[PDB]
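Undergrad: One structure is given below, represented as C-alpha cells, and several questions about it will come after.
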Amino acid sequence: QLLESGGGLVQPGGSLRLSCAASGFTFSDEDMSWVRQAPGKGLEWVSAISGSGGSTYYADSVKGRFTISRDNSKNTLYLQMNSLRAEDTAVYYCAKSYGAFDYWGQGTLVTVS
C-alpha cells in the first residue's frame, strides 16, 4: 500500500510538494522511487532515494529542480518540485525501486524492421 497526495494545478515557474504514505512493509529498508506518466506517454522514472536517505538520484530532466526526501519515522516519501515546466505535467506515482524488476540491468531488445 502506497498513497500519493499533493497534486494540483501550478503556474509555470511554480513549486509543489508531493507526499507518499507507505504501509505494510519495512519502509526504513526500502529504496523508493518517484515515476510519472505524461498524458499519452509511458512511465518515466523521475527520482529515487536509498532507505537511509543517504543516496539520492535524479533523471536528467529534473536534476536541480526536484528534491527527493523521506521521513522514516512517519513512513513517508516526498518530492519537492520547483521551477515547474509544461513537461512536468503528468500523473506522479511513488514506487518501490526494486520491488518489481531491476530496470537498469534487465531488458531484451525486439526490433521489427
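All Cβ positions, even for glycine, are placed from backbone atoms using ideal geometry, and neighbour counts span all protein chains on display. No value in this document is a laboratory result; all are computed from the given coordinates.
Undergrad: Examine the stretch 32-39 for a residue that is surrounded by 11 or more Cβ atoms within 10 Å (Cβ to Cβ) and at positive phi, and state whether such a residue exists.
TA: Within the stretch 32-39, not a single residue is surrounded by 11 or more Cβ atoms within 10 Å (Cβ to Cβ) and at positive phi.
Undergrad: Now, a different point. In this structure, is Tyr78 within 17 Å of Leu16 (Cα to Cα) and part of a strand (DSSP E or B)? Walk me through how you get there before you give the answer.
TA: Numbers: within 17 Å of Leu16 (Cα to Cα): yes; part of a strand (DSSP E or B): yes.
Considered against the rule, which asks whether it is within 17 Å of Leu16 (Cα to Cα) and part of a strand (DSSP E or B), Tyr78 comes out as yes.
Undergrad: Here's something else I'd like to know. Of everything in the stretch 58-90, what is free of Cβ contacts under 8 Å to residues at least 60 places away in the same chain, of a type outside the set (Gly, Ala, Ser) and surrounded by fewer than 15 Cβ atoms within 10 Å (Cβ to Cβ)? Give them in sequence order.
TA: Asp60, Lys63, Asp71, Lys74, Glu87, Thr89
Undergrad: May I ask you to say which residue of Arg85, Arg65 is within 26 Å of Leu9 (Cβ to Cβ), of a type in the set (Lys, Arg) and out of contact with any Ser or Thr (no Cβ under 7 Å at 6 or more places or on another chain)?
TA: The conditions single out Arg85.
Undergrad: Moving on to the next point. Which pairs do you get when a residue that is touching a residue at least 12 places away in the same chain (Cβ under 8 Å) and of a type in the set (S, T, N, Q), found in the stretch 31-44, comes within reach of a residue that is in a loop (DSSP other than H, G, I, E, B) and surrounded by 20 or more Cβ atoms within 10 Å (Cβ to Cβ), reach meaning Cβ atoms under 7 angstrom, with the pair 6+ apart or on two chains?
TA: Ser33/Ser97
Undergrad: Taking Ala100 and the conditions (1) touching a strand residue (DSSP E or B) at 6+ places or on another chain (Cβ under 9 Å); (2) of a type outside the set (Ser, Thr, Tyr); (3) not in a strand (DSSP E or B), which numbered condition does it fall short on, given that it satisfies the others?
TA: Going through (1) touching a strand residue (DSSP E or B) at 6+ places or on another chain (Cβ under 9 Å); (2) of a type outside the set (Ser, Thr, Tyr); (3) not in a strand (DSSP E or B) one by one, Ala100 breaks only (1).
Undergrad: Also, I was wondering about something else. Filter the stretch 57-70 down to the residues that are more than 11 Å from the chain's Cα centre (by Cα) and either within 19 Å of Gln37 (Cβ to Cβ) or part of a strand (DSSP E or B) (or both) and list them by number. Walk me through how you get there before you give the answer.
TA: Our first condition is that a residue be more than 11 Å from the chain's Cα centre (by Cα); within the stretch 57-70, this holds for 60-61, 63-65, 70.
Answer for the stretch 57-70, where residues must be more than 11 Å from the chain's Cα centre (by Cα) and either within 19 Å of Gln37 (Cβ to Cβ) or part of a strand (DSSP E or B) (or both): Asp60, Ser61, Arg65, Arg70.
Undergrad: Additional query: Looking at the stretch 6-16, which of the residues that are surrounded by fewer than 10 Cβ atoms within 10 Å (Cβ to Cβ) and of a type in the set (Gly, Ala, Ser) is nearest to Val91 (Cα to Cα)?
TA: By that ranking, first place goes to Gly8.
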